[PDB]
Amino acid sequence: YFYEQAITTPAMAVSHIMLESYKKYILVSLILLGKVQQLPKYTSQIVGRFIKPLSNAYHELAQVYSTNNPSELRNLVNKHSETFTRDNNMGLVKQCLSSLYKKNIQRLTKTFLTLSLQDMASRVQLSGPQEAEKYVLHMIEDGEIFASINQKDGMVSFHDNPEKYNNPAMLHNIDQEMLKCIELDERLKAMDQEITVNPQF
Amino acid sequence: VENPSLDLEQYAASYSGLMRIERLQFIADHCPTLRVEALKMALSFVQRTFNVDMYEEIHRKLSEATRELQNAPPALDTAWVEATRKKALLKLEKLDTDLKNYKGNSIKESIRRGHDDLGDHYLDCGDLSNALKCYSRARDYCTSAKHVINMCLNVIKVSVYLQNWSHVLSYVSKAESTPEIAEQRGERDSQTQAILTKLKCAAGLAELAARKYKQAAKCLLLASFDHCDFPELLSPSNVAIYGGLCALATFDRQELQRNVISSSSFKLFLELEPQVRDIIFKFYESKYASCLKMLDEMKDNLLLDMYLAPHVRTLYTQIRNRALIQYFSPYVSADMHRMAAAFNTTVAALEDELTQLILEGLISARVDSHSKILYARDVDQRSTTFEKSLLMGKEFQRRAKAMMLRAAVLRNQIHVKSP
C-alpha cells in the first residue's frame with residue numbers, strides 16, 4: 001500500500017526512494033503475496049518514462065518468480081546483491097524462497113486433503129518429509145493450515161472451516177467492518193460538502 | 001514424423017489440382033516410407049499441372065532414399081520432362097495468343113472466359129499469380145450477375161487447391177452479399193454443390209487455422225450432402241471428418257441431440273463417418289479408456305490430416321477434458337482407486353492433469369492424496385459469500401484510505417521533480 005501510493009503519487013524524477021519503493025512494494029507482491037501484483041490505477045508517468053525501464057531488477061524478479069527456479073533465483077540474487085546489502089535488507093532471497101514455498105503449498109492446499117511430505121517434498125520442495133515435518137510444523141504453526149498433526153502418519157488434512165460468521169464475534173468482525181465503512185461514508189459526505197464548500201465560479 | 005493410416009489413393013484418384021500433390025508431397029515429407037509413397041503420388045500427378053520444381057526436388061530425394069536403401073544394393077526422370085516443359089511453354093504461348101485474340105475481341109463474356117481458361121492451364125504449369133490475376137480481372141467483365149457470381153465461385157475454387165482461406169472468405173462474403181446465394185431454394189431446389197456450404201467449408205478450415213472448431217463443426221453440419229460428391233478437391237470424407245471431430249472435441253451432447261442426434265444432412269456424412277460416429281457413441285457411453293483408445297487409434301490419419309496435424313493433439317486434449325468433465329459430473333467424490341478402475345490408466349499423471357484441473361478445470365473437488373480419492377467440494381453459497389464480502393470490504397477499505405491519501409497527494413500538489 002505505502003509504495004503503490006508513493007509511486008502512483010505525482011512524480012517526475014527517479015530515486016532509490018522510488019527505486020526501493022518499487023523494491024519493497026514488488027517484494028510484497030511476490031515474496032509476501034502469491035504472485036505478481038498488477039499495475040496500479042493512477043500510477044505516475046515518469047515510472048514508465050524513467051523508472052519502469054529502470055525496473056529490470058523486478059522484471060527479472062517477476063520472471064523468475066513465474067519460473068519457480070531456485071538456481072535462477074540465486075542467480076538474480078547475486079545479480080542484485082548490491083540491493084541485498086544496501087540497507088540492512090539482506091535475506092530477500094530467503095524471502096523469495098518463502099514466497100516459493102507459499103506458491104507450492106497454497107497450490108497444493110485446495111487441490112488436496114493430505115499428502116506424503118516426501119512426495120510433497122518433491123511438490124513444495126519439502127526437503128524430505130522430515131524437513132517437511134518442520135514444514136507441517138509451520139503449517140499448523142504459522143497460521144498456515146486448517147489441519148493438525150496426524151502424527152500416526154504425520155498427515156495434514158486441509159479444512160478451511162474458520163467461520164460462517166457462525167459465532168457472533170465474527171458478526172462483530174463484520175460490525176467493525178461496519179464501523180470503518182460507516183465513518184468512511186460519513187467523512188465522504190463531509191468532504192463532498194467541502195467541495196460544495198469550494199468557492200464556486 | 002511418419003504416419004501410415006491415410007488414403008491418398010482415392011484422394012489423388014479423385015481429389016486433384018494443387019492440394020492433391022500438396023498433401024501428397026507435404027504429408028509425405030512428414031512420413032518416410034510414405035514420404036516414399038505420397039511423394040510417388042505427387043510424382044504421378046505432376047503429369048498434370050506441369051510443375052517440376054519440387055517435382056525434381058523429389059527426383060533428388062528419390063535418388064537419395066534409393067541409395068539410403070541401395071546402401072548395399074533414384075532416377076526420377078525429368079529430361080523428357082524437360083522436353084515436355086518446352087512443349088507446354090509452347091502451348092502457353094499459344095494461350096497468350098488466344099488471350100490477346102480475345103482481348104481484341106473486346107468482350108466481357110469472351111475476355112472473362114479467356115482469363116478463366118488461361119488460369120485453367122496455369123494449373124497445367126504450376127502457375128499461381130498468372131491464373132490469380134486472370135480470374136481477378138475476369139471479375140470485372142460484368143455483362144451479367146453470373147459474372148460476379150461465378151467469379152467469386154471459381155476464384156474461391158482456385159484458392160481451394162491454392163490453400164487460400166481468409167480473404168478467400170472475403171470472396172465468400174462478397175459473393176454472399178449481392179446476388180443472394182442459395183437462390184432462396186438451396187440454389188433453386190437442391191444446391192447440389194451447396195455453394196454456401198463450400199463457403200462454410202472455407203470458413204471452417206480457415207478456422208481450423210484460427211481455432212474455431214465449435215464454429216467449424218457448426219458450418220460442417222451446416223454443410224449438407226446435396227451434391228453427394230465433390231471430386232475437385234474437398235472430399236465428403238474431408239468435411240465429414242471435419243464436422244464429426246470438431247463436434248466431438250467442441251460440442252456438447254445437448255448440441256448432439258440438437259444437431260448430431262438430429263444430424264441428417266450430415267447423417268449422410270455420419271454413415272460416411274463410421275468411426276468418428278462410434279467415438280461419439282462411446283461419448284454417449286463414456287468409455288473413456290476405450291473412447292480415447294479408438295481416438296488415438298484414429299490418431300494416425302488424424303495427424304495425417306494436413307489440417308488436423310497442427311490441431312490433432314489439441315482436439316485430443318479437448319476430448320478427454322470434456323470427457324472427464326462428464327465423468328466426475330455425476331459424483332461428489334472420485335475414488336481415485338475406483339477412478340482408475342474405471343479408467344484403467346495410471347492416474348498419477350492423469351491425477352496431475354486433474355490437479356491442473358483443480359487449478360483450471362471443473363474440479364470442485366478434493367483429494368486426500370494420502371487417501372488417493374477425489375472428493376467433490378460442495379459449492380458454498382453462504383460462507384463463500386462471506387469470503388467475497390469481507391474480501392471486497394478490505395479492498396474497499398484499503399482503497400478508502402488510498403483515495404484519501406491520493407486526494408492528499410493531489411491537494412498537497414507534490415510531484416517528484418526530475419532534477
# chains A, B, ... in the order shown; residues from 1 in each chain; ligands from 1

$ residues_around --residues "residue B:362" --least-positions-apart "2" --cutoff "12 Å" --atoms "only C-alpha atoms" --output "VMD selection string"
chain B and resid 321 to 329 353 to 360 364 to 366 376 to 377 379

$ residues_around --residues "residue A:70" --least-positions-apart "4" --cutoff "12 Å" --atoms "only C-alpha atoms" --output "JSON, numbers by chain"
{"A": [64, 65, 66, 74, 75, 76, 77, 93, 94, 96, 97, 98, 99, 100, 101, 125]}

$ interface_residues --of "chain B" --to "chain A" --cutoff "10 Å" --atoms "only C-alpha atoms" --output "JSON, numbers by chain"
{"B": [354, 355, 356, 357, 358, 359, 363, 364, 365, 366, 367, 368, 369, 370, 371, 372, 373, 374, 375, 377, 382, 383, 384, 385, 386, 387, 389, 390, 393, 394, 396, 397, 398, 399, 400, 401, 402, 403, 404, 405, 406, 407, 408, 409, 410, 413, 414, 415, 416, 417, 418, 419]}

$ residues_around --residues "stretch 205-219 of chain B" --least-positions-apart "6" --cutoff "8 Å" --atoms "only C-alpha atoms" --output "list in words"
residues 165, 166, 197, 242, 243, 244, 245, 246, 247, 249, 250, 251, 307, 308 and 311 of chain B

$ residues_around --residues "stretch 280-296 of chain B" --least-positions-apart "5" --cutoff "7 Å" --atoms "only C-alpha atoms" --output "short mmCIF file (atom, residue, chain, number, x, y, z; two decimals) with C-alpha atoms, in the first residue's frame"
data_model
loop_
_atom_site.label_atom_id
_atom_site.label_comp_id
_atom_site.auth_asym_id
_atom_site.auth_seq_id
_atom_site.Cartn_x
_atom_site.Cartn_y
_atom_site.Cartn_z
CA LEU B 248 -16.79 -34.34 -30.64
CA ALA B 323 -14.99 -36.39 -21.27
CA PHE B 343 -10.11 -45.63 -16.48
CA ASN B 344 -7.52 -48.42 -16.31
#

$ atom_distance --atom1 "atom CA of residue B:126" --atom2 "atom CA of residue B:50"
5.9 Å

$ closest_atom_pairs --of "stretch 150-177 of chain B" --to "stretch 23-31 of chain B" --cutoff "12 Å" --atoms "only C-alpha atoms" --output "JSON lines"
{"residue": "B:161", "atom": "CA", "partner": "B:23", "partner_atom": "CA", "distance": 10.2}
{"residue": "B:162", "atom": "CA", "partner": "B:23", "partner_atom": "CA", "distance": 11.5}
{"residue": "B:163", "atom": "CA", "partner": "B:23", "partner_atom": "CA", "distance": 10.4}

$ residues_around --residues "stretch 136-146 of chain A" --least-positions-apart "2" --cutoff "7 Å" --atoms "only C-alpha atoms" --output "ChimeraX atom specification"
/A:132-134,148,158-160

$ atom_distance --atom1 "atom CA of residue A:167" --atom2 "atom CA of residue A:106"
26.4 Å

$ residues_around --residues "residue B:8" --least-positions-apart "3" --cutoff "9 Å" --atoms "only C-alpha atoms" --output "number ranges by chain"
B: 11-13, 15, 20, 23-24, 38, 41

$ decode --residues "stretch 84-98 of chain A" --atoms "N, CA and C atoms" --output "mmCIF file, in the first residue's frame"
data_model
loop_
_atom_site.group_PDB
_atom_site.id
_atom_site.type_symbol
_atom_site.label_atom_id
_atom_site.label_comp_id
_atom_site.auth_asym_id
_atom_site.auth_seq_id
_atom_site.Cartn_x
_atom_site.Cartn_y
_atom_site.Cartn_z
ATOM 1 N N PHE A 84 20.544 -6.233 -2.064
ATOM 2 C CA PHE A 84 20.514 -7.149 -0.925
ATOM 3 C C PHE A 84 21.228 -6.557 0.281
ATOM 4 N N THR A 85 22.374 -5.933 0.044
ATOM 5 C CA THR A 85 23.204 -5.393 1.110
ATOM 6 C C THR A 85 22.827 -3.974 1.506
ATOM 7 N N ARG A 86 22.164 -3.239 0.615
ATOM 8 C CA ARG A 86 22.231 -1.783 0.613
ATOM 9 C C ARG A 86 21.720 -1.127 1.894
ATOM 10 N N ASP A 87 20.682 -1.666 2.531
ATOM 11 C CA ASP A 87 20.107 -1.007 3.703
ATOM 12 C C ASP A 87 19.771 -2.012 4.794
ATOM 13 N N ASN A 88 20.707 -2.912 5.098
ATOM 14 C CA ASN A 88 20.477 -3.978 6.074
ATOM 15 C C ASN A 88 19.362 -4.906 5.616
ATOM 16 N N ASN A 89 19.127 -4.939 4.308
ATOM 17 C CA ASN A 89 17.981 -5.620 3.728
ATOM 18 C C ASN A 89 18.387 -6.939 3.094
ATOM 19 N N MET A 90 19.381 -7.606 3.667
ATOM 20 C CA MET A 90 19.756 -8.923 3.192
ATOM 21 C C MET A 90 18.696 -9.946 3.597
ATOM 22 N N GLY A 91 18.713 -11.093 2.922
ATOM 23 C CA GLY A 91 17.740 -12.136 3.145
ATOM 24 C C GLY A 91 16.558 -12.080 2.209
ATOM 25 N N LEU A 92 16.548 -11.118 1.287
ATOM 26 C CA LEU A 92 15.462 -11.010 0.323
ATOM 27 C C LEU A 92 15.337 -12.280 -0.500
ATOM 28 N N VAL A 93 16.454 -12.970 -0.723
ATOM 29 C CA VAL A 93 16.430 -14.248 -1.419
ATOM 30 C C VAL A 93 15.664 -15.282 -0.612
ATOM 31 N N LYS A 94 15.928 -15.351 0.691
ATOM 32 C CA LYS A 94 15.159 -16.247 1.541
ATOM 33 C C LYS A 94 13.698 -15.840 1.555
ATOM 34 N N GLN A 95 13.434 -14.544 1.420
ATOM 35 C CA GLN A 95 12.064 -14.064 1.322
ATOM 36 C C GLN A 95 11.390 -14.600 0.069
ATOM 37 N N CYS A 96 12.080 -14.508 -1.064
ATOM 38 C CA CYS A 96 11.535 -15.020 -2.310
ATOM 39 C C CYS A 96 11.352 -16.527 -2.239
ATOM 40 N N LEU A 97 12.254 -17.218 -1.547
ATOM 41 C CA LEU A 97 12.096 -18.657 -1.371
ATOM 42 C C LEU A 97 10.892 -18.970 -0.496
ATOM 43 N N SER A 98 10.673 -18.159 0.535
ATOM 44 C CA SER A 98 9.460 -18.262 1.330
ATOM 45 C C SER A 98 8.235 -18.134 0.445
#
